[PDB]
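Have a look below at one chain only, the form deposited in one PDB entry, in structure tokens format.
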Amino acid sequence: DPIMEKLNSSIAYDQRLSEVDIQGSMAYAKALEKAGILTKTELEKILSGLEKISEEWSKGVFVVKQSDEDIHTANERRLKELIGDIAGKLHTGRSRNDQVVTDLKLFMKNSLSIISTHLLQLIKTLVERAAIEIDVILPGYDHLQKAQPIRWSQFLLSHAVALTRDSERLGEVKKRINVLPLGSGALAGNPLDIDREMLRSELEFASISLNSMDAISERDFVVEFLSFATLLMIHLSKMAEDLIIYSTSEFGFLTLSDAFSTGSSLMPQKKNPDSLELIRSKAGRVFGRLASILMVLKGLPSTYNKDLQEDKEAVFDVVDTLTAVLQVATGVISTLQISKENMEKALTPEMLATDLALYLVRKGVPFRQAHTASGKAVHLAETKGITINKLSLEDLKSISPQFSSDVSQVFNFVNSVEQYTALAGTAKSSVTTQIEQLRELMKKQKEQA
């Protein structure tokens, strides 16, 4: 049945595993010779023939045949075409089962190294920008309503901190991915007493799988990777939402560069944040991949089943998505233009009523009564038609004798943010400390490779 054949066939996409597939075969071939299954000459011939395939794929000259069901079959066909019947001894004791997961894990390890580089660069970009714009203040929001003054850098660092947790998760996922599954056979293990330690060393895996059935049937490494990817996209979807809103003419806090926005010649001042919308939408694209693999795996019996073939397309899509999205995010953050003018202009006296209460608290007035007094000043100012920073000292003392002339220091946005010196707060000293901690964090994550 032609519909069955096409549906079962994976060559159209698993071709991307061409190079890692060859590497796993070179490693296995060398182990077969050490095991005496192949002669030294036979090994030379096989390795030389495998190097030719690698090049054919590398130059984009490899010819796929209608007969090729998967990349494994395709490569064995080509080898035989280049070196003859000796190519048939290469698959001795091996199965497509441990071969395919070996391929995928090598591919993922390479891909995770690339993702890490782009992820760390995004974090670095946010942190550097926070260091440069440390004096900029704007409103901090809750329920998307202006609450209090905060440093723009505190906002940037909040995203950087979350992204560092994603980087930490990436490292954890990479560790479990860096475990050799080759030599598990079809399900009960390799029957030729193959040297798995040699395979590990050759393919550069950190250790080898503990159980053959598990090694062959689990896709924990795929789910794990997809969970890491999804949470990372959630973080990006939130940063995107923040920046799209701040870029509105209504907010007017920042403007995206021409490279990351779209516009019209009829309305030259209108810039659409297409880049951020693309990023936000990928949270769903990536989550969908996580959702599908979890459902594919649910309730499946041991050991290998054809259902597992759905892993490949999900992993490739997410790898490419993450790679593209992280670079665009980096570009957006490094090239956007902020309006310090509009950010400061958005700060209002009404946002300092909480600070007025804290002024009383610092003088020994209980929390409740200080709250009540500040509320009274706010109301009194409203009835007089003025702002609280304009209330006369006499006005204030009519509400509380505790209000002294130094209360004028409350009505200053820099003074407001500087109250937050406790670790992690928005005071400049605290932001400075956060930047030092992140720089150290980036170093040890890059270090851990």
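Just so we're on the same page, rigid core means the largest C-alpha set that superposes within 1.5 Å between forms. Heads up: residue numbers just count along the shown sequence, starting at 1.
Keep in mind that the form deposited in another entry is missing from the display, and what follows is about it.
With the core held fixed by superposition, the comparison between this form and the one not shown singles out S58 as the only member of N415, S398, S58, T39 whose CA moves by at least 2 angstroms. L441 shows a C-alpha shift below 2 Å between this form and the one not shown [criterion: core-superposed Cα displacement of 2 Å]. A displacement of 2 angstroms or greater separates the C-alpha positions of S10 between this form and the one not shown, with the rigid core held in common.
Core-superposed comparison between this form and the one not shown: the C-alpha position of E382 differs by less than 2 Å.
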